[PDB]
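Presented as structure tokens, the chain that follows is alone, the form solved without this ligand.
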């Protein structure tokens, strides 16, 4: 359950999340768009959920994709900012989960974002330690789906 999954965010996980977000979150447009095109490249079957975005291979030049990618990064910003207070983290994760549940995005489907995250981290010289901290935050959202 999500209260139990939020409890796996221990002190070192929280610190590694903030330390990597300080670099990733510096360029929300650039890293958000890179996140999404890596998801589409590595997991082409997820493009069906994003029909409204139009031609996803245009990347940055697709205004709808660029708008979605920037907004996605503010949801991550929000989660990072709630790490101090588990009660606020949980109520924000459950609120966020509503629209993903309506779209029938399962926990297994959501978990496909981990591969893209690991790759964007790796491009900024953040290794496995950080990829695993981010997998634990994505697991809090998965528990709400």
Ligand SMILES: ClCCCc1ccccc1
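Numbering follows the first chain given and starts at 1.
Not on display, but discussed next: the form solved in complex with this ligand.
Placing this ligand onto this chain by superimposing the site C-alphas, using its pose in the entry with it bound, gives no ligand atom within 2.4 angstroms of backbone or C-beta atoms, which makes the site open.
Proximity of residue 121 to this ligand in the entry with it bound: non-hydrogen atoms within 4.5 Å are present. Taking the partner from elsewhere, residue 31 is found to have a heavy atom lying within 4.5 Å of this ligand in the entry with it bound. With a 4.5 Å cutoff on heavy atoms, residue 90 does not count as touching this ligand in the entry with it bound; it lies far away. For residue 76, a non-hydrogen atom is located within 4.5 Å of this ligand in the entry with it bound, even though that partner is not displayed. For the three marked residues, 20, 35 and 134, a heavy atom of each sits within 4.5 Å of this ligand in the entry with it bound.
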